[PDB]
Amino acid sequence: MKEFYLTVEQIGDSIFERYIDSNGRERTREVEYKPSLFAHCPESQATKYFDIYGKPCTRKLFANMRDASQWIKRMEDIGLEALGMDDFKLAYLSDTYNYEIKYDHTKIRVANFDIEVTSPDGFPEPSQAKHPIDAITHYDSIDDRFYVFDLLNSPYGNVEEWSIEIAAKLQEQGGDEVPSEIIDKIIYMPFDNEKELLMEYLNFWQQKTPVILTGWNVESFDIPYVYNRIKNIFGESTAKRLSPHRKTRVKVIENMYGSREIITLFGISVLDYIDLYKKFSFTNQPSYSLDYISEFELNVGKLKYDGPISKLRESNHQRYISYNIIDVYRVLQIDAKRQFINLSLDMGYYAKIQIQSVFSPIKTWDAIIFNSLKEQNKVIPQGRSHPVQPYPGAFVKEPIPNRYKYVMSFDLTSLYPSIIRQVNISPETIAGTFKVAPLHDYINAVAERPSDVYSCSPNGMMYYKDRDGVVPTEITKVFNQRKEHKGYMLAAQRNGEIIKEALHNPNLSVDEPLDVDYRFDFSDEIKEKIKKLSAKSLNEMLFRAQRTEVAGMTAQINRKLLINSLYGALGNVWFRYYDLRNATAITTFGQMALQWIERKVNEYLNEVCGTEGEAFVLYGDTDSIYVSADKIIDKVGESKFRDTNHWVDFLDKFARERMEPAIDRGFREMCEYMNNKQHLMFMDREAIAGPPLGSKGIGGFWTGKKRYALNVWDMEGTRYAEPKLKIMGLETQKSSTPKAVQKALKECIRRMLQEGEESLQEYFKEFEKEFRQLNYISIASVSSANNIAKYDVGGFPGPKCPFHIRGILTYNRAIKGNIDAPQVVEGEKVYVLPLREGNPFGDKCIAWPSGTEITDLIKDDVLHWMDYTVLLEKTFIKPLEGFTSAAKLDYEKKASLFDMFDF
DNA sequence: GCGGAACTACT
DNA sequence: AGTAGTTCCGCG
Ligand SMILES: Nc1nc2c(ncn2[C@@H]2O[C@H](COP(=O)(O)OP(=O)(O)O)[C@@H](O)[C@H]2O)c(=O)[nH]1
Ligand SMILES: [Ca+2]
Ligand SMILES: [Ca+2]
Ligand SMILES: [Ca+2]
Ligand SMILES: [Ca+2]
Ligand SMILES: [Ca+2]
Ligand SMILES: [Ca+2]
Ligand SMILES: [Ca+2]
Ligand SMILES: [Ca+2]
Ligand SMILES: [Ca+2]
C-alpha cells in the first residue's frame, strides 16, 4: 500500500531514513536533503508565503543543511528573524509523506530484550561493564520467537546447558513453570565463550535490526551495558554496529555518588517500557519493579527462588535462564494489555516525528502545528528563548477540615484547552491591554467591563474576536477528530457482534471474506451475505472487524492525550509559540471561572433551600467544585427515602434538572462580562457520595487540600452495585508501610464512611493485637547498602548515616569473629527492623542479609527486642489520627463499661 | 541520572 | 514543625 517510515535521522548533510516499501519490504535510504527557510520581505515582494501575523516572506532554498544552519547563525547577528522549521528531519518527513499516514504495525520490527550479569561485588555499573554477560534473551515480533543466548564457561563458573523439557513442569517437581504457549516459540543457543556469544549476538542484530527497542529499564542499564561491554572487548567502532548507520552518541550523568550513561543509537527508536509505563499509566504505583507492576496488571506472583541473587547462576542455572525468558514474556503481556507501544506509533505517525519524540509534548505539538500551517503556505515563527519564571497556578480552595455527609461534585470539560478556545488566546491574536482590577473584583462582578470589542481575561490581555487563532483552530481540529474515531470504533465494535451471531450458524461450504469497510455499519446486502458465509471467511472478518475497532480506539486515546498535553507546551519557555502573558491569561481565567461558578452555586442553593450566607461549596479542584447536599436532603426529611439507592436517584435528578441549568446560565453571564468569542465552559455533575441509608457512616471527610475520602455511589451516570471508596492523598499505600497496615488503614476509612465511629473503634482494637502477632520478616523493610564503607566510622554509624546503614553496622558488630554468619556486602540487599530501647545490640535498629535467614547468633534477641509499638504508632496510628481528628472522631474510647463496677 | 517523590535534620 | 538539606528509585 502507501509506504511509511520506520526511522528518520540527520547525519550531517544527508538524511538517513528506514521505511516500508509500497510492496511491503523494509528499505533504507540516504538523501542529501535541501532545506528551505524564510525571511521577512517588503509588501511588494510578497508572494504566497505569510507568517501567522500576516507579514509576507520569501523562500530561501539551500544547497545542503550545513549551509542552512550556517545561514541562521549569520541571520542572528544581522538581527533579522529566521522563520521556518529548523529541525530538518521534520521538514523532510512533511515533504516525503504529504498525506495521512496509514501504517501496518505487522511490518514494524519491535524488539524486547533483557540480560543477566553475575556480580560478586556490587550491582554492575553499565558505564564500566566489568562483569561478563552470561545470558540474554531477545524476542523479535516479526518472527514471534524468543532467542536465548546462554553462556557456559565464565570466570565465575562453568555449567550445564538449559533444558526446555524440564522448564515447563510444575515447580513442585523441579520445573520452572515456563508458560505452555511459549515453549514452542523458543530458540536456545548455548555458547562456550563470551566473545564468541557476543559476536553472534551482533550478526543476529544486523540480520534483524530492531526498529523499536523495549524491555524493562533497558535504557539506563541493558543497552549501555551491552554497548560498553562489547566496546571494552572489541572497540567502540565495532560496538557502534548496534546502530544500523554506525553512528551513536554517548551522554553521561552523575550526582554525588550515582552515575549513568545513555547511549542513543542512530537509526533505531528506543521506547523503554518502564519509561513508557510511567507516562501513560496515569496511576501512581508505589513501586515500579517488573515484579510489582506485573502483579498489579497480571495478578501473577513474584517467581520464587532461594539463595543470594549474585550466585543464583552457579547455584542453579536451569532456573536462572528460565526466569530470564519468563521476564521478557511478562513485559509482552503488559504491552498486550496496556498497548502502549501501539499508542506510541499512532501518535508518532500522526505528528510525523521520530517515534521516541513522543516523550516530548514540545516536539509532538510543534510538528502538528507546523504541518497544519505548511499546507497553507504559512511560515512558522522562529523559536526565541525567554527567562523561566512562574505565574499564578491552579486555584485550590482551602477546605475546612471536617466530615461531610452528602456530597456531589461537578467537573468542567477540558478546562484549559477550552479556555484557549473561548477567549481565543494565541500569539497572533493579542490586541491590547486594559487597566486591571483585583481578581476578587471580577469573580463578584464589581469591576468594570474591560471591553466591548475584544475578548478578555482577568489578567489584562485582550484578543481579537474577528479572527480565529492558530492554536485554538488546531485544538478544535483535534477535538472533532475524536468524534470521528469514536464513530468508527462503535461501528466496528457493532459490526463485530453481527459477525459473531452469524458464526453460531456457519455454512458448510467454501467462500471468501467480504470486501467491506468496518468503520461503517454493514448494509442489509452485506448482512444478508454474512449469514451464508463459511466459518473460515467469517472468523477472518471477525479478526479484521476486531482490528478496526482497536485502531479507532487507540486513535482517540491519542487525540485525547494530545489535547491534555497542550497546556504543558504553551507554558514551557522552549515551545515555539510560548508567550508568558498568554500562559498567565489562561491560568488567571481558569481561577476566576472556578470562583465565579462557586459564588453562583452558593447563590442558587441558598435561594432554593431558602436560607442566607450558607456555604454549599466545601472545596474546589482546579476544574471541580464539591457541594454538600446536606440541606438539600434535610429539605426532604431523609425518612421519606426507601433504600439508599433512592436518594442517590433523587440527587441525580436535582443536579441535572436544576443544578446544571443554573450553572450553565452563570457561565454565560461570565462569557459576556469578559466578552468572549464562543461560550465553552461546560460543567456537568460527575460524582454522588454519602453513607448507606439508615447507617451511622459519615459519608466522607477532608483533612486539607487534596486530602479526602468519599464513599461514591454514582460516577457520571453509572450506578455502582457496591459503593466505591475514593482516596486522595491520605498516603494509605506508602512503600514504607507493611502491606498489612495498608489494608488496615483502608479498612478504617471504609468503616468511618460506611459504618461509623463505633464500628471504627471495634476494628482498631482488632488490628491492634493481630498486628503484634505477625511474623517479623512480615513487617520488616527492604533497601540496599551501596555506600556503607564510607558511612562506617571505626565500626559505628558516621555522621548523617542512613537508617539501614545503622542496622548494617549494628549487625556487623554482633557477628565479629564468626565465619558461618551471612555477611552483608557492598551493594547487596537487606532487611531492617526497629529495635526496642534497652536491647543487647546497642542501637535503635538492626539489619541482615536478605538472601539467607537470620543467624541463630542473633535471631532470638532480634525477635524479642523487635519494636512493634514504634512501628504500630509510626505507620498506623499517626496517619489514622489525621483522619479521625479532622473527621471529629475517636479510634478509642477513654471511658468504658468497667467503670460501672465500683472496683 | 532524569525528575522528584519522599525521607532526615535544624534554626 | 515549615523550610531546608540528602538519598534514590529500576537494572544483577
Ligand atoms: N510553509 C513552510 N515551509 C517551511 C517552513 N520551514 C521550512 N519550510 C520548507 O518550505 C518548503 C515548502 O514549500 P512548498 O510547499 O514545497 O512550496 P510550493 O509547493 O512550490 O508552493 C519545504 O522545503 C519545507 O521544509 C515553514 O515554517 N513554513
Ligand atoms: Ca533485567
Ligand atoms: Ca533478571
Ligand atoms: Ca529511563
Ligand atoms: Ca449462517
Ligand atoms: Ca477533576
Ligand atoms: Ca461573548
Ligand atoms: Ca463529565
Ligand atoms: Ca538537625
Ligand atoms: Ca551533602
# chains A, B, ... in the order shown; residues from 1 in each chain; ligands from 1
>>> residues_near_ligand(ligand="ligand 5", cutoff="6 Å", atoms="only C-alpha atoms (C1' of nucleotides) and all ligand atoms", output="MDAnalysis selection string")
chainID A and resid 502 505:507 531:532
>>> interface_residues(of="chain A", to="chain C", cutoff="6 Å", atoms="only C-alpha atoms (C1' of nucleotides)", output="PyMOL selection string")
chain A and resi 117-118+221
>>> residues_near_ligand(ligand="ligand 4", cutoff="8 Å", atoms="only C-alpha atoms (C1' of nucleotides) and all ligand atoms", output="PyMOL selection string")
(chain A and resi 217-220+272+274-275) or (chain B and resi 2)
>>> write_last_selection(atoms="N, CA and C atoms (P, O5', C5', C4', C3', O3' and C1' of nucleotides)", output="PDB file, in the first residue's frame")
ATOM      1  N   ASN A 217      13.553  -1.163  31.633  1.00  0.00           N
ATOM      2  CA  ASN A 217      14.675  -0.303  32.040  1.00  0.00           C
ATOM      3  C   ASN A 217      15.950  -0.531  31.222  1.00  0.00           C
ATOM      4  N   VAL A 218      15.774  -0.931  29.959  1.00  0.00           N
ATOM      5  CA  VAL A 218      16.878  -1.212  29.036  1.00  0.00           C
ATOM      6  C   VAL A 218      17.648   0.050  28.664  1.00  0.00           C
ATOM      7  N   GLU A 219      17.017   1.205  28.843  1.00  0.00           N
ATOM      8  CA  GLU A 219      17.662   2.467  28.516  1.00  0.00           C
ATOM      9  C   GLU A 219      18.786   2.861  29.498  1.00  0.00           C
ATOM     10  N   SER A 220      18.540   2.757  30.803  1.00  0.00           N
ATOM     11  CA  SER A 220      19.558   3.116  31.799  1.00  0.00           C
ATOM     12  C   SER A 220      20.426   1.947  32.289  1.00  0.00           C
ATOM     13  N   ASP A 272      11.678   2.488  26.133  1.00  0.00           N
ATOM     14  CA  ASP A 272      11.847   1.676  27.343  1.00  0.00           C
ATOM     15  C   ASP A 272      10.455   1.572  27.932  1.00  0.00           C
ATOM     16  N   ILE A 274       9.423   0.850  30.896  1.00  0.00           N
ATOM     17  CA  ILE A 274       9.201   1.411  32.209  1.00  0.00           C
ATOM     18  C   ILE A 274       8.987   2.898  32.020  1.00  0.00           C
ATOM     19  N   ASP A 275       9.795   3.491  31.148  1.00  0.00           N
ATOM     20  CA  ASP A 275       9.698   4.922  30.885  1.00  0.00           C
ATOM     21  C   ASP A 275       8.319   5.161  30.301  1.00  0.00           C
TER      22      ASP A 275
ATOM     23  P    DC B   2      20.727  14.201  36.815  1.00  0.00           P
ATOM     24  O5'  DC B   2      20.148  14.123  35.331  1.00  0.00           O
ATOM     25  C5'  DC B   2      19.427  12.971  34.890  1.00  0.00           C
ATOM     26  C4'  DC B   2      18.134  13.395  34.237  1.00  0.00           C
ATOM     27  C3'  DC B   2      17.299  14.325  35.114  1.00  0.00           C
ATOM     28  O3'  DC B   2      16.657  15.312  34.299  1.00  0.00           O
ATOM     29  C1'  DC B   2      16.093  12.322  34.720  1.00  0.00           C
TER      30       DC B   2
END
>>> residues_near_ligand(ligand="ligand 3", cutoff="10 Å", atoms="only C-alpha atoms (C1' of nucleotides) and all ligand atoms", output="JSON, numbers by chain")
{"A": [114, 115, 116, 117, 135, 136, 216, 290, 309, 320, 321, 323, 324, 325, 326, 327, 328], "C": [11, 12]}
>>> write_last_selection(atoms="N, CA and C atoms (P, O5', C5', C4', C3', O3' and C1' of nucleotides)", output="PDB file, in the first residue's frame")
ATOM      1  N   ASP A 114      16.263  -8.603  27.562  1.00  0.00           N
ATOM      2  CA  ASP A 114      16.783  -8.474  28.925  1.00  0.00           C
ATOM      3  C   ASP A 114      18.064  -9.285  29.048  1.00  0.00           C
ATOM      4  N   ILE A 115      19.032  -8.783  29.812  1.00  0.00           N
ATOM      5  CA  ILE A 115      20.282  -9.508  30.010  1.00  0.00           C
ATOM      6  C   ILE A 115      20.494  -9.829  31.491  1.00  0.00           C
ATOM      7  N   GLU A 116      21.404 -10.767  31.738  1.00  0.00           N
ATOM      8  CA  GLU A 116      21.751 -11.226  33.075  1.00  0.00           C
ATOM      9  C   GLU A 116      23.267 -11.134  33.225  1.00  0.00           C
ATOM     10  N   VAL A 117      23.728 -10.554  34.326  1.00  0.00           N
ATOM     11  CA  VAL A 117      25.161 -10.390  34.547  1.00  0.00           C
ATOM     12  C   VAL A 117      25.596 -10.599  35.999  1.00  0.00           C
ATOM     13  N   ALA A 135      23.843 -14.290  29.983  1.00  0.00           N
ATOM     14  CA  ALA A 135      22.540 -14.616  29.440  1.00  0.00           C
ATOM     15  C   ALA A 135      21.965 -13.407  28.747  1.00  0.00           C
ATOM     16  N   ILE A 136      21.085 -13.668  27.800  1.00  0.00           N
ATOM     17  CA  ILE A 136      20.484 -12.597  27.040  1.00  0.00           C
ATOM     18  C   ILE A 136      19.383 -13.185  26.157  1.00  0.00           C
ATOM     19  N   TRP A 216      12.471  -3.794  30.223  1.00  0.00           N
ATOM     20  CA  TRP A 216      12.123  -3.105  31.457  1.00  0.00           C
ATOM     21  C   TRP A 216      13.364  -2.428  32.023  1.00  0.00           C
ATOM     22  N   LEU A 290       9.482  -4.666  37.830  1.00  0.00           N
ATOM     23  CA  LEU A 290       8.795  -5.551  36.901  1.00  0.00           C
ATOM     24  C   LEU A 290       7.889  -6.449  37.720  1.00  0.00           C
ATOM     25  N   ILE A 309      21.010 -13.585  45.191  1.00  0.00           N
ATOM     26  CA  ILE A 309      20.905 -13.335  43.751  1.00  0.00           C
ATOM     27  C   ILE A 309      22.217 -13.408  42.965  1.00  0.00           C
ATOM     28  N   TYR A 320      17.804 -20.239  36.489  1.00  0.00           N
ATOM     29  CA  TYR A 320      18.396 -18.943  36.205  1.00  0.00           C
ATOM     30  C   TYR A 320      17.945 -18.458  34.826  1.00  0.00           C
ATOM     31  N   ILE A 321      18.127 -19.307  33.816  1.00  0.00           N
ATOM     32  CA  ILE A 321      17.748 -18.999  32.444  1.00  0.00           C
ATOM     33  C   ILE A 321      16.230 -18.935  32.253  1.00  0.00           C
ATOM     34  N   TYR A 323      14.007 -17.986  34.175  1.00  0.00           N
ATOM     35  CA  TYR A 323      13.430 -16.779  34.739  1.00  0.00           C
ATOM     36  C   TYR A 323      13.812 -15.547  33.910  1.00  0.00           C
ATOM     37  N   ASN A 324      14.711 -15.747  32.953  1.00  0.00           N
ATOM     38  CA  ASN A 324      15.152 -14.679  32.056  1.00  0.00           C
ATOM     39  C   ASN A 324      14.060 -14.580  30.994  1.00  0.00           C
ATOM     40  N   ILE A 325      13.708 -15.729  30.439  1.00  0.00           N
ATOM     41  CA  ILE A 325      12.674 -15.792  29.434  1.00  0.00           C
ATOM     42  C   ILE A 325      11.326 -15.316  29.992  1.00  0.00           C
ATOM     43  N   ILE A 326      10.911 -15.889  31.119  1.00  0.00           N
ATOM     44  CA  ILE A 326       9.630 -15.544  31.740  1.00  0.00           C
ATOM     45  C   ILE A 326       9.486 -14.033  31.856  1.00  0.00           C
ATOM     46  N   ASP A 327      10.566 -13.389  32.272  1.00  0.00           N
ATOM     47  CA  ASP A 327      10.545 -11.953  32.453  1.00  0.00           C
ATOM     48  C   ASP A 327      10.342 -11.186  31.157  1.00  0.00           C
ATOM     49  N   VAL A 328      10.991 -11.620  30.079  1.00  0.00           N
ATOM     50  CA  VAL A 328      10.814 -10.945  28.799  1.00  0.00           C
ATOM     51  C   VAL A 328       9.353 -11.127  28.433  1.00  0.00           C
TER      52      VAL A 328
ATOM     53  P    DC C  11      13.348  -4.016  38.402  1.00  0.00           P
ATOM     54  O5'  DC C  11      14.488  -4.234  37.291  1.00  0.00           O
ATOM     55  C5'  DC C  11      15.462  -3.238  37.082  1.00  0.00           C
ATOM     56  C4'  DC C  11      16.601  -3.680  36.198  1.00  0.00           C
ATOM     57  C3'  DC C  11      17.584  -4.719  36.749  1.00  0.00           C
ATOM     58  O3'  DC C  11      17.306  -5.953  36.072  1.00  0.00           O
ATOM     59  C1'  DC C  11      18.715  -2.656  36.309  1.00  0.00           C
ATOM     60  P    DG C  12      17.743  -7.382  36.707  1.00  0.00           P
ATOM     61  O5'  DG C  12      19.310  -7.252  36.999  1.00  0.00           O
ATOM     62  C5'  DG C  12      20.276  -7.335  35.939  1.00  0.00           C
ATOM     63  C4'  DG C  12      21.531  -8.053  36.398  1.00  0.00           C
ATOM     64  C3'  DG C  12      21.395  -9.549  36.712  1.00  0.00           C
ATOM     65  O3'  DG C  12      22.603 -10.282  36.475  1.00  0.00           O
ATOM     66  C1'  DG C  12      22.113  -8.390  38.668  1.00  0.00           C
TER      67       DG C  12
END
>>> interface_residues(of="chain B", to="chain A", cutoff="10 Å", atoms="only C-alpha atoms (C1' of nucleotides)", output="number ranges by chain")
B: 1-2, 5-9
>>> write_last_selection(atoms="N, CA and C atoms (P, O5', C5', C4', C3', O3' and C1' of nucleotides)", output="mmCIF file, in the first residue's frame")
data_model
loop_
_atom_site.group_PDB
_atom_site.id
_atom_site.type_symbol
_atom_site.label_atom_id
_atom_site.label_comp_id
_atom_site.auth_asym_id
_atom_site.auth_seq_id
_atom_site.Cartn_x
_atom_site.Cartn_y
_atom_site.Cartn_z
ATOM 1 O "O5'" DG B 1 23.697 11.177 39.423
ATOM 2 C "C5'" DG B 1 22.779 10.154 39.035
ATOM 3 C "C4'" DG B 1 22.274 10.681 37.718
ATOM 4 C "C3'" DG B 1 21.245 11.815 37.831
ATOM 5 O "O3'" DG B 1 21.609 12.859 36.918
ATOM 6 C "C1'" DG B 1 20.532 10.206 36.347
ATOM 7 P P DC B 2 20.727 14.201 36.815
ATOM 8 O "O5'" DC B 2 20.148 14.123 35.331
ATOM 9 C "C5'" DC B 2 19.427 12.971 34.890
ATOM 10 C "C4'" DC B 2 18.134 13.395 34.237
ATOM 11 C "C3'" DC B 2 17.299 14.325 35.114
ATOM 12 O "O3'" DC B 2 16.657 15.312 34.299
ATOM 13 C "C1'" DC B 2 16.093 12.322 34.720
ATOM 14 P P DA B 5 7.488 15.560 43.262
ATOM 15 O "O5'" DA B 5 6.821 14.463 44.201
ATOM 16 C "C5'" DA B 5 6.003 13.452 43.632
ATOM 17 C "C4'" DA B 5 6.549 12.080 43.949
ATOM 18 C "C3'" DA B 5 6.227 11.642 45.379
ATOM 19 O "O3'" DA B 5 6.244 10.208 45.401
ATOM 20 C "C1'" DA B 5 8.518 11.933 45.206
ATOM 21 P P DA B 6 6.180 9.410 46.800
ATOM 22 O "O5'" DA B 6 7.536 9.787 47.557
ATOM 23 C "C5'" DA B 6 8.445 8.761 47.983
ATOM 24 C "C4'" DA B 6 8.978 9.056 49.370
ATOM 25 C "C3'" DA B 6 7.869 9.684 50.225
ATOM 26 O "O3'" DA B 6 8.121 9.556 51.637
ATOM 27 C "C1'" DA B 6 9.559 11.240 49.900
ATOM 28 P P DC B 7 8.064 8.123 52.371
ATOM 29 O "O5'" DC B 7 9.534 8.018 52.996
ATOM 30 C "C5'" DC B 7 10.517 9.011 52.650
ATOM 31 C "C4'" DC B 7 11.814 8.819 53.406
ATOM 32 C "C3'" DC B 7 11.654 9.079 54.906
ATOM 33 O "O3'" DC B 7 12.675 8.403 55.657
ATOM 34 C "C1'" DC B 7 12.993 10.770 53.991
ATOM 35 P P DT B 8 12.952 8.820 57.200
ATOM 36 O "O5'" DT B 8 14.203 9.828 57.158
ATOM 37 C "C5'" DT B 8 14.675 10.499 58.351
ATOM 38 C "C4'" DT B 8 16.106 10.976 58.177
ATOM 39 C "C3'" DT B 8 16.684 11.689 59.411
ATOM 40 O "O3'" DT B 8 18.098 11.452 59.645
ATOM 41 C "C1'" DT B 8 16.338 13.285 57.702
ATOM 42 P P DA B 9 19.250 12.435 59.034
ATOM 43 O "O5'" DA B 9 18.885 13.963 59.370
ATOM 44 C "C5'" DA B 9 19.611 15.027 58.695
ATOM 45 C "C4'" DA B 9 19.657 16.318 59.495
ATOM 46 C "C3'" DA B 9 19.603 16.113 61.010
ATOM 47 O "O3'" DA B 9 20.079 17.289 61.693
ATOM 48 C "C1'" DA B 9 17.692 17.239 60.323
#
>>> residues_near_ligand(ligand="ligand 7", cutoff="10 Å", atoms="only C-alpha atoms (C1' of nucleotides) and all ligand atoms", output="ChimeraX atom specification")
/A:422-423,452,454-456,465,668-679
>>> residues_near_ligand(ligand="ligand 8", cutoff="9 Å", atoms="only C-alpha atoms (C1' of nucleotides) and all ligand atoms", output="PyMOL selection string")
chain A and resi 410-413+682-686+716
>>> write_last_selection(atoms="N, CA, C and O atoms", output="PDB file, in the first residue's frame")
ATOM      1  N   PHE A 410     -19.062  18.461  40.638  1.00  0.00           N
ATOM      2  CA  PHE A 410     -19.243  18.878  39.250  1.00  0.00           C
ATOM      3  C   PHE A 410     -17.884  19.172  38.629  1.00  0.00           C
ATOM      4  O   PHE A 410     -17.030  19.755  39.278  1.00  0.00           O
ATOM      5  N   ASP A 411     -17.689  18.773  37.373  1.00  0.00           N
ATOM      6  CA  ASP A 411     -16.427  18.995  36.657  1.00  0.00           C
ATOM      7  C   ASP A 411     -16.641  19.764  35.368  1.00  0.00           C
ATOM      8  O   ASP A 411     -17.638  19.550  34.697  1.00  0.00           O
ATOM      9  N   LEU A 412     -15.738  20.674  35.012  1.00  0.00           N
ATOM     10  CA  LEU A 412     -15.936  21.315  33.728  1.00  0.00           C
ATOM     11  C   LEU A 412     -14.981  20.721  32.711  1.00  0.00           C
ATOM     12  O   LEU A 412     -13.814  20.512  32.993  1.00  0.00           O
ATOM     13  N   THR A 413     -15.532  20.412  31.540  1.00  0.00           N
ATOM     14  CA  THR A 413     -14.833  19.769  30.434  1.00  0.00           C
ATOM     15  C   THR A 413     -13.573  20.409  29.888  1.00  0.00           C
ATOM     16  O   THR A 413     -13.581  21.591  29.549  1.00  0.00           O
ATOM     17  N   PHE A 682     -18.434  24.068  30.080  1.00  0.00           N
ATOM     18  CA  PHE A 682     -19.450  23.080  30.374  1.00  0.00           C
ATOM     19  C   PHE A 682     -19.104  22.309  31.644  1.00  0.00           C
ATOM     20  O   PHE A 682     -18.128  21.552  31.692  1.00  0.00           O
ATOM     21  N   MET A 683     -19.917  22.507  32.677  1.00  0.00           N
ATOM     22  CA  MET A 683     -19.688  21.865  33.948  1.00  0.00           C
ATOM     23  C   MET A 683     -20.815  20.889  34.289  1.00  0.00           C
ATOM     24  O   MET A 683     -21.904  21.296  34.683  1.00  0.00           O
ATOM     25  N   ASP A 684     -20.544  19.597  34.118  1.00  0.00           N
ATOM     26  CA  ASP A 684     -21.523  18.555  34.408  1.00  0.00           C
ATOM     27  C   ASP A 684     -21.202  17.825  35.705  1.00  0.00           C
ATOM     28  O   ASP A 684     -20.044  17.606  36.048  1.00  0.00           O
ATOM     29  N   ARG A 685     -22.243  17.458  36.430  1.00  0.00           N
ATOM     30  CA  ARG A 685     -22.081  16.730  37.673  1.00  0.00           C
ATOM     31  C   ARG A 685     -21.468  15.372  37.379  1.00  0.00           C
ATOM     32  O   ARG A 685     -21.827  14.723  36.402  1.00  0.00           O
ATOM     33  N   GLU A 686     -20.537  14.933  38.214  1.00  0.00           N
ATOM     34  CA  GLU A 686     -19.934  13.638  37.966  1.00  0.00           C
ATOM     35  C   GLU A 686     -20.069  12.611  39.078  1.00  0.00           C
ATOM     36  O   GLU A 686     -20.362  11.453  38.804  1.00  0.00           O
ATOM     37  N   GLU A 716     -20.691   9.876  37.067  1.00  0.00           N
ATOM     38  CA  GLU A 716     -21.081  10.338  35.736  1.00  0.00           C
ATOM     39  C   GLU A 716     -22.206   9.547  35.091  1.00  0.00           C
ATOM     40  O   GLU A 716     -22.266   9.450  33.867  1.00  0.00           O
TER      41      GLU A 716
END
